[PDB]
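Undergrad: Contents of entry-v2.cif (mmCIF, N, CA and C atoms) are below:
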data_my_file
loop_
_atom_site.label_atom_id
_atom_site.label_comp_id
_atom_site.auth_asym_id
_atom_site.auth_seq_id
_atom_site.Cartn_x
_atom_site.Cartn_y
_atom_site.Cartn_z
N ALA A 1 -202.76 77.67 -40.34
CA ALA A 1 -203.46 77.25 -39.09
C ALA A 1 -203.25 75.77 -38.79
N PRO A 2 -203.19 75.43 -37.48
CA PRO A 2 -203.40 74.02 -37.21
C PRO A 2 -204.77 73.56 -37.71
N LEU A 3 -204.88 72.25 -37.89
CA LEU A 3 -206.14 71.57 -38.13
C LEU A 3 -207.16 71.87 -37.04
N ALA A 4 -206.67 72.05 -35.82
CA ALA A 4 -207.50 72.45 -34.67
C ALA A 4 -208.26 73.76 -34.87
N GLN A 5 -207.77 74.61 -35.77
CA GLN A 5 -208.44 75.89 -36.10
C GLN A 5 -209.27 75.80 -37.39
N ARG A 6 -209.36 74.60 -37.95
CA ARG A 6 -210.06 74.36 -39.21
C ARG A 6 -211.33 73.57 -39.03
N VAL A 7 -211.78 73.54 -37.78
CA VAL A 7 -213.12 73.07 -37.44
C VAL A 7 -213.76 74.09 -36.50
N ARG A 8 -215.08 74.17 -36.57
CA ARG A 8 -215.84 75.06 -35.69
C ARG A 8 -217.27 74.58 -35.58
N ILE A 9 -217.94 75.07 -34.53
CA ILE A 9 -219.34 74.77 -34.28
C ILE A 9 -220.14 76.05 -34.49
N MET A 10 -221.13 75.97 -35.38
CA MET A 10 -221.92 77.14 -35.77
C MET A 10 -223.42 76.96 -35.51
N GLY A 11 -224.13 78.07 -35.31
CA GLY A 11 -225.58 78.04 -35.23
C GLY A 11 -226.18 77.25 -34.09
N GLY A 12 -225.49 77.20 -32.96
CA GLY A 12 -226.06 76.51 -31.81
C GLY A 12 -225.79 77.29 -30.55
N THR A 13 -225.55 76.59 -29.45
CA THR A 13 -225.33 77.23 -28.14
C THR A 13 -224.18 76.57 -27.41
N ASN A 14 -223.41 77.38 -26.69
CA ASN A 14 -222.42 76.85 -25.77
C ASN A 14 -222.89 77.22 -24.36
N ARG A 15 -223.29 76.21 -23.59
CA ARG A 15 -223.99 76.43 -22.33
C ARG A 15 -223.20 75.76 -21.22
N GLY A 16 -223.00 76.47 -20.11
CA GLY A 16 -222.31 75.85 -18.98
C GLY A 16 -221.94 76.87 -17.93
N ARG A 17 -221.11 76.45 -16.97
CA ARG A 17 -220.68 77.37 -15.91
C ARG A 17 -219.60 78.31 -16.45
N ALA A 18 -219.72 79.61 -16.12
CA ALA A 18 -218.72 80.61 -16.52
C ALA A 18 -217.52 80.57 -15.57
N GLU A 19 -216.34 80.32 -16.13
CA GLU A 19 -215.11 80.34 -15.32
C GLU A 19 -214.10 81.35 -15.83
N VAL A 20 -213.24 81.82 -14.92
CA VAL A 20 -212.31 82.90 -15.22
C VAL A 20 -210.95 82.52 -14.63
N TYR A 21 -209.88 82.87 -15.35
CA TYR A 21 -208.52 82.53 -14.96
C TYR A 21 -207.85 83.75 -14.33
N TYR A 22 -207.55 83.66 -13.03
CA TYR A 22 -207.00 84.78 -12.28
C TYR A 22 -206.02 84.21 -11.26
N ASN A 23 -204.94 84.93 -11.01
CA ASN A 23 -203.87 84.45 -10.13
C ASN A 23 -203.48 83.00 -10.40
N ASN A 24 -203.39 82.67 -11.69
CA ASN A 24 -202.90 81.37 -12.19
C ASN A 24 -203.77 80.19 -11.84
N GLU A 25 -205.06 80.44 -11.59
CA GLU A 25 -205.98 79.35 -11.29
C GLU A 25 -207.32 79.65 -11.90
N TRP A 26 -207.98 78.62 -12.43
CA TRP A 26 -209.39 78.73 -12.80
C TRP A 26 -210.28 78.87 -11.57
N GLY A 27 -211.20 79.83 -11.63
CA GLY A 27 -212.19 80.01 -10.58
C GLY A 27 -213.52 80.42 -11.19
N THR A 28 -214.52 80.56 -10.33
CA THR A 28 -215.89 80.71 -10.78
C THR A 28 -216.41 82.14 -10.49
N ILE A 29 -217.66 82.38 -10.88
CA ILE A 29 -218.27 83.70 -10.78
C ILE A 29 -219.57 83.54 -9.99
N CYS A 30 -219.68 84.20 -8.85
CA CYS A 30 -220.94 84.17 -8.11
C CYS A 30 -222.07 84.82 -8.92
N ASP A 31 -223.28 84.28 -8.82
CA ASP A 31 -224.38 84.79 -9.66
C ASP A 31 -225.05 86.08 -9.12
N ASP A 32 -224.53 86.63 -8.02
CA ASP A 32 -225.05 87.89 -7.47
C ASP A 32 -224.96 88.97 -8.54
N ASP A 33 -226.11 89.53 -8.95
CA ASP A 33 -226.16 90.61 -9.99
C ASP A 33 -225.73 90.16 -11.39
N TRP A 34 -225.56 88.85 -11.59
CA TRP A 34 -225.12 88.31 -12.87
C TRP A 34 -226.30 88.38 -13.83
N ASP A 35 -226.15 89.16 -14.89
CA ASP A 35 -227.28 89.40 -15.79
C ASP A 35 -226.90 89.22 -17.27
N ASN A 36 -227.84 89.44 -18.19
CA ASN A 36 -227.57 89.23 -19.62
C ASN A 36 -226.43 90.10 -20.16
N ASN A 37 -226.27 91.29 -19.59
CA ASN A 37 -225.19 92.20 -20.00
C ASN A 37 -223.85 91.59 -19.64
N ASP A 38 -223.76 91.06 -18.42
CA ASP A 38 -222.53 90.36 -17.99
C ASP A 38 -222.25 89.12 -18.84
N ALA A 39 -223.31 88.33 -19.08
CA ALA A 39 -223.23 87.12 -19.89
C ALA A 39 -222.75 87.44 -21.32
N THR A 40 -223.27 88.52 -21.89
CA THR A 40 -222.88 88.96 -23.23
C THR A 40 -221.40 89.35 -23.26
N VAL A 41 -220.93 90.07 -22.23
CA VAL A 41 -219.50 90.40 -22.19
C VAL A 41 -218.64 89.14 -22.10
N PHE A 42 -219.02 88.23 -21.21
CA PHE A 42 -218.28 86.98 -21.05
C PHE A 42 -218.25 86.22 -22.37
N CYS A 43 -219.42 86.06 -22.99
CA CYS A 43 -219.52 85.31 -24.25
C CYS A 43 -218.76 85.97 -25.42
N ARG A 44 -218.77 87.30 -25.46
CA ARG A 44 -218.01 88.08 -26.44
C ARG A 44 -216.52 87.75 -26.38
N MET A 45 -216.01 87.54 -25.16
CA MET A 45 -214.61 87.17 -24.99
C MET A 45 -214.25 85.88 -25.72
N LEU A 46 -215.23 84.97 -25.82
CA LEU A 46 -215.05 83.70 -26.52
C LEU A 46 -215.44 83.77 -28.01
N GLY A 47 -215.80 84.96 -28.47
CA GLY A 47 -216.13 85.20 -29.87
C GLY A 47 -217.61 85.07 -30.24
N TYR A 48 -218.47 84.88 -29.25
CA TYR A 48 -219.92 84.81 -29.48
C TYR A 48 -220.50 86.21 -29.52
N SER A 49 -221.72 86.36 -30.03
CA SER A 49 -222.31 87.68 -30.08
C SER A 49 -223.34 87.99 -29.00
N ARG A 50 -223.85 86.96 -28.33
CA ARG A 50 -224.81 87.18 -27.26
C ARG A 50 -224.58 86.17 -26.16
N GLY A 51 -224.86 86.58 -24.93
CA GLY A 51 -224.86 85.67 -23.78
C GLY A 51 -226.17 85.86 -23.03
N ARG A 52 -226.71 84.77 -22.53
CA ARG A 52 -227.80 84.82 -21.55
C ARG A 52 -227.30 84.31 -20.22
N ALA A 53 -227.63 85.03 -19.15
CA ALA A 53 -227.21 84.65 -17.81
C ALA A 53 -228.03 83.48 -17.29
N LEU A 54 -227.32 82.50 -16.75
CA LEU A 54 -227.95 81.36 -16.07
C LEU A 54 -227.64 81.46 -14.59
N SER A 55 -228.68 81.66 -13.80
CA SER A 55 -228.50 81.83 -12.35
C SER A 55 -228.27 80.47 -11.70
N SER A 56 -227.38 80.42 -10.71
CA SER A 56 -227.16 79.21 -9.90
C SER A 56 -226.96 77.95 -10.74
N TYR A 57 -226.11 78.09 -11.76
CA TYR A 57 -225.77 76.94 -12.58
C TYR A 57 -225.07 75.92 -11.68
N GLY A 58 -224.22 76.44 -10.81
CA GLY A 58 -223.51 75.65 -9.81
C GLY A 58 -222.40 74.77 -10.35
N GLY A 59 -221.86 73.95 -9.43
CA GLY A 59 -220.98 72.86 -9.82
C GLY A 59 -219.49 73.10 -9.87
N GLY A 60 -219.04 74.34 -9.63
CA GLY A 60 -217.62 74.64 -9.65
C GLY A 60 -216.92 74.27 -8.34
N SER A 61 -215.62 74.53 -8.29
CA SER A 61 -214.84 74.28 -7.07
C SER A 61 -213.69 75.26 -7.04
N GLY A 62 -212.92 75.23 -5.96
CA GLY A 62 -211.81 76.17 -5.80
C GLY A 62 -212.27 77.60 -5.60
N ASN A 63 -211.48 78.52 -6.12
CA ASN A 63 -211.76 79.91 -5.93
C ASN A 63 -213.04 80.40 -6.60
N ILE A 64 -213.79 81.25 -5.90
CA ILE A 64 -214.82 82.04 -6.56
C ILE A 64 -214.15 83.40 -6.81
N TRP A 65 -213.81 83.68 -8.05
CA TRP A 65 -213.03 84.91 -8.32
C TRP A 65 -213.83 86.20 -8.41
N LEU A 66 -215.06 86.12 -8.92
CA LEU A 66 -215.87 87.32 -9.18
C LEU A 66 -217.24 87.27 -8.50
N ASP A 67 -217.72 88.44 -8.09
CA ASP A 67 -219.03 88.59 -7.46
C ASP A 67 -219.51 90.01 -7.77
N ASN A 68 -220.83 90.18 -7.80
CA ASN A 68 -221.46 91.47 -8.12
C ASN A 68 -220.92 92.10 -9.39
N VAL A 69 -220.79 91.27 -10.44
CA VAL A 69 -220.39 91.78 -11.74
C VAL A 69 -221.50 92.68 -12.29
N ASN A 70 -221.13 93.89 -12.70
CA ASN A 70 -222.08 94.86 -13.23
C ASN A 70 -221.59 95.52 -14.51
N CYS A 71 -221.51 94.72 -15.58
CA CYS A 71 -221.08 95.21 -16.89
C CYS A 71 -222.17 96.09 -17.48
N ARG A 72 -221.75 97.05 -18.29
CA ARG A 72 -222.66 97.85 -19.11
C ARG A 72 -223.22 97.00 -20.24
N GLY A 73 -222.43 96.02 -20.69
CA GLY A 73 -222.84 95.12 -21.75
C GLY A 73 -222.04 95.32 -23.01
N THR A 74 -221.32 96.44 -23.05
CA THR A 74 -220.56 96.86 -24.23
C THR A 74 -219.05 96.63 -24.09
N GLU A 75 -218.62 96.16 -22.91
CA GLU A 75 -217.19 95.89 -22.65
C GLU A 75 -216.66 94.74 -23.52
N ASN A 76 -215.38 94.80 -23.88
CA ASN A 76 -214.74 93.72 -24.63
C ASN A 76 -214.25 92.61 -23.72
N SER A 77 -214.21 92.92 -22.42
CA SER A 77 -213.67 92.03 -21.42
C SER A 77 -214.36 92.23 -20.07
N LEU A 78 -214.52 91.15 -19.31
CA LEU A 78 -214.99 91.26 -17.91
C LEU A 78 -214.04 92.08 -17.05
N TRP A 79 -212.78 92.12 -17.48
CA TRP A 79 -211.78 92.90 -16.75
C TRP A 79 -212.16 94.39 -16.79
N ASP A 80 -212.89 94.81 -17.82
CA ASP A 80 -213.36 96.20 -17.95
C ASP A 80 -214.66 96.49 -17.20
N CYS A 81 -215.30 95.44 -16.67
CA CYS A 81 -216.55 95.63 -15.94
C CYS A 81 -216.36 96.00 -14.50
N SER A 82 -217.28 96.81 -14.00
CA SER A 82 -217.39 97.03 -12.58
C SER A 82 -217.79 95.71 -11.91
N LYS A 83 -217.20 95.43 -10.75
CA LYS A 83 -217.42 94.19 -10.00
C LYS A 83 -216.76 94.31 -8.62
N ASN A 84 -217.05 93.37 -7.71
CA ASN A 84 -216.32 93.31 -6.44
C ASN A 84 -214.83 93.18 -6.72
N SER A 85 -214.00 93.49 -5.72
CA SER A 85 -212.58 93.12 -5.73
C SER A 85 -212.48 91.64 -6.13
N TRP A 86 -211.46 91.28 -6.92
CA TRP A 86 -211.24 89.89 -7.28
C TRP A 86 -211.08 89.06 -6.01
N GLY A 87 -211.84 87.97 -5.93
CA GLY A 87 -211.81 87.05 -4.81
C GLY A 87 -212.62 87.46 -3.59
N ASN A 88 -213.21 88.66 -3.63
CA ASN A 88 -214.10 89.16 -2.57
C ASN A 88 -215.55 88.77 -2.83
N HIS A 89 -216.04 87.77 -2.09
CA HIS A 89 -217.42 87.27 -2.27
C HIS A 89 -218.00 86.78 -0.94
N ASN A 90 -219.32 86.64 -0.88
CA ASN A 90 -219.94 85.91 0.22
C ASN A 90 -220.82 84.82 -0.37
N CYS A 91 -220.19 83.94 -1.16
CA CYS A 91 -220.91 82.94 -1.95
C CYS A 91 -220.38 81.53 -1.75
N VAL A 92 -221.16 80.57 -2.23
CA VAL A 92 -220.73 79.17 -2.31
C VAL A 92 -220.90 78.72 -3.77
N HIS A 93 -220.34 77.56 -4.11
CA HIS A 93 -220.36 77.13 -5.51
C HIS A 93 -221.73 76.73 -6.04
N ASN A 94 -222.70 76.48 -5.16
CA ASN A 94 -224.09 76.32 -5.63
C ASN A 94 -224.63 77.57 -6.36
N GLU A 95 -224.00 78.73 -6.11
CA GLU A 95 -224.41 80.00 -6.69
C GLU A 95 -223.59 80.35 -7.94
N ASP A 96 -222.75 79.41 -8.40
CA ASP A 96 -221.89 79.69 -9.57
C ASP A 96 -222.73 80.02 -10.78
N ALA A 97 -222.39 81.15 -11.41
CA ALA A 97 -223.10 81.67 -12.56
C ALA A 97 -222.79 80.83 -13.80
N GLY A 98 -223.79 80.69 -14.66
CA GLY A 98 -223.58 80.08 -15.97
C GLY A 98 -223.97 81.02 -17.11
N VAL A 99 -223.72 80.55 -18.32
CA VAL A 99 -224.02 81.32 -19.53
C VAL A 99 -224.56 80.38 -20.59
N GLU A 100 -225.43 80.92 -21.45
CA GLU A 100 -225.75 80.31 -22.74
C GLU A 100 -225.24 81.32 -23.78
N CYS A 101 -224.12 80.99 -24.42
CA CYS A 101 -223.54 81.84 -25.46
C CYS A 101 -224.04 81.40 -26.82
N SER A 102 -224.26 82.36 -27.71
CA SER A 102 -224.67 82.05 -29.08
C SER A 102 -224.19 83.15 -30.02
#
Give the structure from this file in structure tokens form.
TA:
Amino acid sequence: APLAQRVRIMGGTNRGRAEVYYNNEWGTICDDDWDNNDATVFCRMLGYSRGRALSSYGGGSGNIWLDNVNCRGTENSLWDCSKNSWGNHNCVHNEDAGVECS
């Protein structure tokens, strides 16, 4: 491993705006229907075991890629979740969803 893989942060929280990489650009997730099940799926992708949804975390820019995300909670990826068409939203970045992963 690189040295970069020989450090880690344990027993705390990673909290912030949830972003997703689609069509070669980072974009954000509207908080419409964004819930703990969605947050857990998102956080699982980063190797965490639980996510809590933070409504209207805000602060993003550019594309809003996802809206009305409706995960069962058991998906390995947001790509497996039911949601609006990618890039189909009626949102602004004040509504950008966040997560507290742990």
Undergrad: Looking at all atoms listed in the file, which of A:95, A:4, A:65, A:35 is the one that sits closest to residue A:21?
TA: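 Among the listed residues, A:65 lies closest to residue A:21.
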Undergrad: What's the 7 Å shell around residue A:96, counting only N, CA and C atoms, without same-chain residues fewer than 4 positions away, as a list in words?
TA: residues 17, 18, 28, 29, 30, 31, 54, 55, 56, 57, 58, 59, 60 and 92 of chain A
Undergrad: Write out as a list in words all residues of stretch 8-90 of chain A that backbone DSSP assigns to helix (DSSP H, G or I).
TA: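 Those residues are residues 36, 37, 38, 39, 40, 41, 42, 43, 44, 45, 78, 79 and 80 of chain A.
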Undergrad: Would you please work out which residue, of A:64, A:69, A:44, A:74, is nearest to residue A:91 when using only N, CA and C atoms?
TA: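 The answer is A:64, which sits nearest to residue A:91.
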Undergrad: May I have the residues within 6 Å of residue A:13 as a ChimeraX atom specification, using all atoms listed in the file and disregarding those fewer than 5 positions away in the same chain?
TA: /A:100-102
Undergrad: Ranking A:77, A:63, A:23, A:70 by minimum distance to residue A:89 and counting only C-alpha atoms, which one comes first?
TA: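 Checking each of A:77, A:63, A:23, A:70 against residue A:89, counting only C-alpha atoms, the winner is A:63.
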Undergrad: On this structure, the PyMOL selection byres ((chain A and resi 40) around 7) would catch which residues? List them as a ChimeraX atom specification, sorted by chain and number.
TA: /A:35-39,41-45,49-53,73
Undergrad: Choose the residue, out of A:76, A:24, A:90, A:5, that has the smallest atom-to-atom separation from residue A:46; count all atoms listed in the file.
TA: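 Ranking A:76, A:24, A:90, A:5 by distance to residue A:46, first place goes to A:76.
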Undergrad: Using all atoms listed in the file, list the residues that have an atom at most 5 Å from (-214.2, 87.5, -8.2), coordinates as in the file, as a ChimeraX atom specification.
TA: /A:64-67,85-88
Undergrad: Quick one: pull the distance between atom CA of residue A:71 and atom N of residue A:11, Å, one decimal.
TA: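 Answer for the atom CA of residue A:71 to atom N of residue A:11 separation: 25.3 Å.
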Undergrad: Please give the complete set of residues from chain A that DSSP, run on the backbone, assigns to strand (DSSP E), formatted as a PyMOL selection string.
TA: chain A and resi 14-17+19-22+25-29+51-54+64-66+98-101
Undergrad: Can you tell me, as an mmCIF file with N, CA and C atoms, in the frame of the given file, what residues are no more than 6.5 Å from residue A:68 when counting all atoms listed in the file, ignoring any on the same chain fewer than 5 positions away?
TA:
data_model
loop_
_atom_site.group_PDB
_atom_site.id
_atom_site.type_symbol
_atom_site.label_atom_id
_atom_site.label_comp_id
_atom_site.auth_asym_id
_atom_site.auth_seq_id
_atom_site.Cartn_x
_atom_site.Cartn_y
_atom_site.Cartn_z
ATOM 1 N N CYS A 30 -219.680 84.200 -8.850
ATOM 2 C CA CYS A 30 -220.940 84.170 -8.110
ATOM 3 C C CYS A 30 -222.070 84.820 -8.920
ATOM 4 N N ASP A 31 -223.280 84.280 -8.820
ATOM 5 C CA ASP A 31 -224.380 84.790 -9.660
ATOM 6 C C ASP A 31 -225.050 86.080 -9.120
ATOM 7 N N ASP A 32 -224.530 86.630 -8.020
ATOM 8 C CA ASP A 32 -225.050 87.890 -7.470
ATOM 9 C C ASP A 32 -224.960 88.970 -8.540
ATOM 10 N N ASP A 33 -226.110 89.530 -8.950
ATOM 11 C CA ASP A 33 -226.160 90.610 -9.990
ATOM 12 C C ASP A 33 -225.730 90.160 -11.390
ATOM 13 N N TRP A 34 -225.560 88.850 -11.590
ATOM 14 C CA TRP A 34 -225.120 88.310 -12.870
ATOM 15 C C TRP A 34 -226.300 88.380 -13.830
ATOM 16 N N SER A 82 -217.280 96.810 -14.000
ATOM 17 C CA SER A 82 -217.390 97.030 -12.580
ATOM 18 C C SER A 82 -217.790 95.710 -11.910
ATOM 19 N N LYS A 83 -217.200 95.430 -10.750
ATOM 20 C CA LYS A 83 -217.420 94.190 -10.000
ATOM 21 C C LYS A 83 -216.760 94.310 -8.620
ATOM 22 N N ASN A 84 -217.050 93.370 -7.710
ATOM 23 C CA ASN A 84 -216.320 93.310 -6.440
ATOM 24 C C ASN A 84 -214.830 93.180 -6.720
#
Undergrad: Kindly give the distance, in Å, that separates atom CA of residue A:26 and atom CA of residue A:78, rounded to a single decimal.
TA: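 Distance between the two atoms: 14.6 Å.
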